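Below you'll find the structure, written out as structure tokens, and then a few comments.
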Amino acid sequence: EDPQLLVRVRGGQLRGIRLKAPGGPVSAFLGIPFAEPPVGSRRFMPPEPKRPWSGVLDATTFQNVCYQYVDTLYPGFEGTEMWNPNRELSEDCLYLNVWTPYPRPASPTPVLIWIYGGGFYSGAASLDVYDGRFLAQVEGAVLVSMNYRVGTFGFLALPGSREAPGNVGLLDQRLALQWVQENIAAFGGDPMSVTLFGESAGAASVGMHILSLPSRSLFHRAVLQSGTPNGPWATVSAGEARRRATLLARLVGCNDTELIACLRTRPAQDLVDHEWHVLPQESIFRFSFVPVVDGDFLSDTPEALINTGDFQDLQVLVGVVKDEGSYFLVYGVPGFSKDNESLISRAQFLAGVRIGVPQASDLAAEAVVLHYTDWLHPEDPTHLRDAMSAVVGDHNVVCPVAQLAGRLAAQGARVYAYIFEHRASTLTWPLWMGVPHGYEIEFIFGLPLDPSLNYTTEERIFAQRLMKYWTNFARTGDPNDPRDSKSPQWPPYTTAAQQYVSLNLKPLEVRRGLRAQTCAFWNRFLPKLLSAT
Amino acid sequence: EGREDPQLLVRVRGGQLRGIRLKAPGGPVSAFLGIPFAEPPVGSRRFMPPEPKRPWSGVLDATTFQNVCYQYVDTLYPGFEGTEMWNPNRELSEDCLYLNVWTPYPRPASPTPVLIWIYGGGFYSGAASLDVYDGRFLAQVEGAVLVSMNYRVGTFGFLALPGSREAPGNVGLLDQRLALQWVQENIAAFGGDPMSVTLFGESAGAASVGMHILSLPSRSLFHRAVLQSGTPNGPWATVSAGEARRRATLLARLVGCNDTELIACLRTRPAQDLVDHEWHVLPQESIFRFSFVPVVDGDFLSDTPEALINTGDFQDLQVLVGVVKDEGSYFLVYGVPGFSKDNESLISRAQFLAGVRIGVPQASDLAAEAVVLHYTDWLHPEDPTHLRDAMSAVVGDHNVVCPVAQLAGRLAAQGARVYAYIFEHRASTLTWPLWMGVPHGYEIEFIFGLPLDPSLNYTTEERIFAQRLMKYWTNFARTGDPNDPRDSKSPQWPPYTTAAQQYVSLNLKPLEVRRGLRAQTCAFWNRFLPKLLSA
Ligand SMILES: CCN1CCC[C@H]1CNC(=O)c1cc([N+](=O)[O-])c(N(C)C)cc1OC
Ligand SMILES: CCN1CCC[C@H]1CNC(=O)c1cc([N+](=O)[O-])c(N(C)C)cc1OC
Ligand SMILES: *[C@@H]1O[C@H](CO)[C@@H](O)[C@H](O)[C@H]1NC(C)=O
Ligand SMILES: *[C@@H]1O[C@H](CO)[C@@H](O)[C@H](O)[C@H]1NC(C)=O
Ligand SMILES: *[C@@H]1O[C@H](CO)[C@@H](O)[C@H](O)[C@H]1NC(C)=O
């Protein structure tokens, strides 16, 4: 037996597996339980630490995926299926995965912890695009990723109740973070250098660990890709969460205690079947069961917490892709399809806006339409299509990111910002969607280094650059290569200069102002307008 | 008669006139100055519609400009040429309804297209006798017959108690219409063609031209129209009947005064006493707002200009409209703290916020917020140079550029032939500071061809430039097309259309075609702002 693949953790012994990366072997420990299975009476409850086990636990394979909705928009299409569960569904899903170099690091190595996205309703740490072997082999990183409960199972809340207090999926993440503190040194990981990174809902989660004190002692740096804790979709008020929960109960034939008891008798798929039916309006980029402002995990709204927080000892890397909104349009806006160029009329654009900005009053929706219309080409379908994408991307991601970056920088944080502008040569979505939400991930994780994936050689060089930025950020809080003696360097984002860089096949270019004018509209004007309409 | 120049003697409906032979750079022109076209609107006639001048006996001398209508005299920068050039250059009097005619010398052989100038000055000031309105160059170089009239301004022209018999309102506009009627009856005696009459005017003069377009009885008195930096629509050119009445009565009170009785009392007041209070009736601290302006009376103006341009059929209309590069800058020094001609007027963010309230005086807090948000450069939200320029742009866009854009769009969409320009050349002779750019009113001297006068020290290029502009304006008057039909080599000036939104740059360089008259920003003013108001 290979002693490199044998680790003792607090819970007992486990056996990992030696995997091939293009440049060498890595050690992988997959399917490690970090919690008691949250099943039966444990449904909707906070996670509890996994009890110890006898003998040697088999950690050579990915564990089940947390119970979730499965996308059927384009059955069998690679672009959608790549996000779908790639293992069996189960509520027994609280496991994490660790990749280290082979052999085990001689000295304590910086840890990256990945938190998957998926709108808080889906996702899994076992997807191919989250494969940690490349970062492990090439950058010598210790990489961790955990499953956490999504949908009703992770976020259904009757605020105040003992049996569905909300945010349990965030607690799953936190428990995993605790597990890393207590165990990662056994793998050669350094618990004094832990960097969280995540995309979309994963980024929002990272943001919430920043804004929740008990998490703060479990990591040192953060990366938020295309997602924030502030903004329109990442959280709900207690009242809205309570509302969605009792509506769901009503929908499945179900006093908090009684209501939750009856929900607990329901087969998992019965809950999933009605998950989407509780949203207050017809919308896109909106998810039924998400973190709730409980006054506990989140002591106040993310907006309020970023405004008043002290972030002096924090380093954050945040960024967006070129076309944040395009992906979501095919999931609710009439006129949009992956199978044509989605050229839309003016009427369709106005209709699309009420759906993309579902909380907007008539006047607010009018403001949006008039801001985004190109008055030189008010009825041009190509521009109306691209504007619809921009409305969704800006409202949900770009402007919330700009707001976050600004508050963090102003309040002591060291911040680096990017925009990712390279569209994968292997992308299966149409050209009109550009660089869609989620398609920087395969580059950060270094998938183009696998020659069987048919990425171009420029893309391989690109991926290697990104892996260096991310790992260097993990190691130091500064994504700049300490061996690169060339201008330009990646400068910190500040409120004065507002510098950020473009990530693409060309060398780093420095830009100023992350949609400054348009985000002033979203971040400064619209709230005034809503609180008056 | 018998020993004088036989080429300077002309008879009009009211009697005989003797004009004067004037020297223009390229030769002599005929001038007939101070021709009376109405009975003096004095005494019991104050605030009343003008009556046609009754015939005189003998030969009326028409060799000098007549009185300037009673008005406020600008004292902001006493003695400074930049202000004094707009001030009265003849005696102030309520007896001021006179007009001027320039024609070639000797007078034209065949009927000649007529240009009629209507001066600006916010409806509270102005005169046809100012140097910048000298018709000698257009007459000499282009062979134009040019006419300009004095019309009543301020309280005298526009104080209204709507519905009353003694102060119906808009009488300054009726002064103008009467002059237009005078041209129809009499211009043929000078060689002018009453069947080709083009109105042109700047600022309030432009707004006046627009109101003639929108008022049925004026429509039969002209054929084409030019509106320079002004429109009948927009925030300043008209007030509601209720607002006019409110201002009229407040003014009456401030000077010691049933409508009949109130107006009777106002008629006993010295002209100067009215002038001394006219600024005091404005409802807010403001700039680009004027107390006594045309009123929406349901008569001269059957409805608001906005409603009239929206639902009008303008198939018969050919218009030339445009703006200068810095419409707003001139106005900032008349009321926005931080601004002066004597320094760079770099301002703080605080002064910008306050300036916006003054520049958009009718704005709610939310609307003002929208304005500040839109004009702020969020990369440099506190840069004083940018803030100064933004303040200017706020005032210029709100009052002129966006109302012009609105007018061009409605007219084009409704059958009119529209030509649009932006004027971007700053006179080498300008006495205002550089920060003001090309201020409101400073294209006028070029259109009238003043740089042809060697004593004025314009550059040779400005002289060539002026000649180009006179060509465009006179070609438009002649044909409804500013382009020279016998050139083709020169770049062409395409019509403004809703589909392409083309306009040309007017400067020292050959015409350049651009698209969208501040399309994005003017969508804010013209489409979003009003909806924010009705909320
Ligand atoms: C659109 C981008 N995503 C993120 C991960 C992969 C892909 C999957 N699907 C979505 O994110 C997604 C979104 C919405 N929505 O509200 O926009 C939606 N509605 C039915 C309302 C449904 C969705 O998937 C089934
Ligand atoms: C500012 C442009 N004009 C037009 C012709 C020359 C010059 C003359 N002066 C004005 O037009 C002018 C304007 C305003 N105003 O409303 O901004 C104003 N007050 C607010 C009192 C006073 C003014 O003159 C005394
Ligand atoms: C694209 O296809 C969808 C459904 O197949 C349809 O709703 C839409 O009208 C189409 N758009 C175009 C560009 O024809
Ligand atoms: C310019 O002049 C005016 C009036 O004297 C003054 O109020 C303003 O503050 C001045 N600005 C500067 C930068 O001197
Ligand atoms: C033009 O130039 C001459 C010579 O310098 C000068 O004396 C005269 O005053 C100037 N004229 C004007 C109108 O400024």
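Residues 35-288, 296-574, in that order, are what chain A shows, numbered as in Swiss-Prot.
Cβ coordinates come from backbone N, Cα and C, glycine included.
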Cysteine of A:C127, A:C288 paired with A:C100 via disulfide, per Swiss-Prot | A:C127
Tell me which residues of the chain lie with their Cβ under 8 angstroms from that of A:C100 (disulfide bond), as long as they are six or more apart in sequence?
-> A:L123, A:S124, A:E125, A:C127, A:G157, A:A158, A:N181, A:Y182, A:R183, A:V184, A:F187, A:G188
Which of the recorded positions A:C303, A:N381, A:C440, A:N495, A:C560 has its Cα nearest to the Cα of A:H478 (active site, charge relay system)?
-> A:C440
Can you tell me which recorded positions out of A:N296, A:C440, A:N495, A:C560 are within 10 A of A:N381 (N-linked glycosylation site) by Cα, answering none if there aren't any?
-> none
Out of A:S234, A:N296, A:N381, A:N495, the listed recorded positions, fewest other Cβ atoms within 10 Å surround the Cβ of A:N296
Whole-number Å distance separating the Cα atoms of A:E365 (active site, charge relay system) and A:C440 (disulfide bond) is 11
Cα-Cα separation of A:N296 (N-linked glycosylation site) and A:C303 (disulfide bond), in Å?
-> 11
For the stretch where 7 residues weren't modelled, take the C-alpha of A:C288 and of A:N296 and tell me their separation in angstrom, rounded to whole.
-> 11
Assigned element (helix, strand, coil) containing A:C440 (disulfide bond), judged by DSSP | helix
Fewest C-beta neighbours within 10 angstroms among the disulfide-bonded residues A:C127, A:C288, A:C303, A:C440, A:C560 belongs to A:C303
